[PDB]
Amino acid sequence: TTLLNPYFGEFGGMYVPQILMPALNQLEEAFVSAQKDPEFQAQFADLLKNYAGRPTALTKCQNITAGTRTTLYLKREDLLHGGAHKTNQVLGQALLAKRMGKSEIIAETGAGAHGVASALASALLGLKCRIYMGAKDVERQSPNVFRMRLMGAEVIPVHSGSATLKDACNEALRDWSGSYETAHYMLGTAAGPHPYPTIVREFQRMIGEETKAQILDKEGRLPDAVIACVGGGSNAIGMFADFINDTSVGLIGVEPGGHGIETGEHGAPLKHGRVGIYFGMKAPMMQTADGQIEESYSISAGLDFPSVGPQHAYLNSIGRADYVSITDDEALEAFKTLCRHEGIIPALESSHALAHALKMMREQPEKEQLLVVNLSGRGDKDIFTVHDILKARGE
């Protein structure tokens, strides 16, 4: 029994061991209560404004579209405190944890942005934070691990399975089952068991609400399309939510194509996987023929996840949103182009969204189109990675 619908059509649900169901039910109730509570909303608004820096800019990118009939705006989540959109919903979830009387936080991270966001929020709001991270991730994300530790977080390497984000995901659920009376699990994307896909959307929806206000002010209309990268689904659903009922507005999600879809080395389960049940949800998965969960791949660590949130699978199925893929090389070009022509260093995750908008423009340069790309994060974290590639190419 739940207060809200756990499904988006066939996708979603609560596929957890029985022991975890009270934890999910408690969280749902607290969320529903919080949503009707002006005092909660005011606290959340205060942190978003005065701590994180909202509203974020909407930047018109003139150089990159010169000589075409594309007008391109970037929603500047790269300017939020922490350097990515992840901060929005961690602040909301940390307040929910406090509302429920919890004193501890568990979080998973792959790339490290959500873990840093969880550690910063924990430091601010007086929660004791532990971060599970695949041992492979820990090894290759020394900078993010150090920030978490500076900010007072315990960082726990996970050696189980492939020692990566999924296993990190598992260990977090493993922990919470035992600890939920005292600890809140701060899931970092719009995926996992209900109520997380719904909570994460509602605590990211100011992205799209601001974008709409900003585009009406600047252009006097709605965008023709809004475009966002899809790792698990949070930044994209945050951009899409307020436009879902505006039927004229295209909703485009970009999955990582890795070395190419045909190589099988990618992270595009929504369009190239198969529905399965894992991480608490029924959703498109990359999986072997016999149902083992496959390892994804992307140049971008933040997109390297073999599943996707259920609301995206639903919006795809009914034709409301369209999903595409962008390869490592396309994303790298978009990265370089934005740096050189607009003076903004984008996260490699966000660079996938930008790359698809550039393709929309370049393929049809006399098509009139007003596009918004969600620039989910800044790419300071990526400069070493990009350096090593350009060098190995000899550029």
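Quick note: we count residues from 1 along the sequence shown, nothing fancier.
Peer 1: So which stretch wins on mean C-alpha B-factor, 274-282 or 95-103?
Peer 2: Comparing 274-282 with 95-103, the higher average CA B-factor belongs to 95-103.
Peer 1: Going by the B-factors listed in the PDB entry, is the mean over the C-alpha atoms higher for 149-157 or for 229-237?
Peer 2: Going by the record's values, the stretch with the higher mean is 149-157.
Peer 1: Just grab whichever of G258, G82, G253, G291 has the top CA B-factor as deposited.
Peer 2: If I rank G258, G82, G253, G291 by C-alpha B-factor, first place goes to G291.
Peer 1: Between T211, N245, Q204, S142, which one tops the list for C-alpha B-factor in the PDB entry?
Peer 2: Out of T211, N245, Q204, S142, the record gives the largest C-alpha B-factor to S142.
Peer 1: Just say lowest, middle or highest third for the CA B-factor of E77 relative to the other modelled residues in its chain.
Peer 2: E77: CA B-factor falls in the lowest third of its chain.
Peer 1: Would the CA B-factor of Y185 place it in the lowest, middle or highest third of its chain?
Peer 2: Its C-alpha B-factor, which the entry lists for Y185, ranks in the middle third among residues of this chain.
Peer 1: Check where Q41 lands among this chain's C-alpha B-factors and tell me if it's the lowest, middle or highest third.
Peer 2: Ranked within chain, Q41 CA B lands in the middle tercile.
Peer 1: Based on the deposited C-alpha B factors for this chain, I'd like to know if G267 is in the lowest, middle or highest third.
Peer 2: Tercile = middle for this residue's CA B-factor.
Peer 1: C-alpha B factor of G319, ranked within the chain: lowest, middle or highest third?
Peer 2: Lowest third - that is where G319 ends up once the chain's C-alpha B-factors are sorted.
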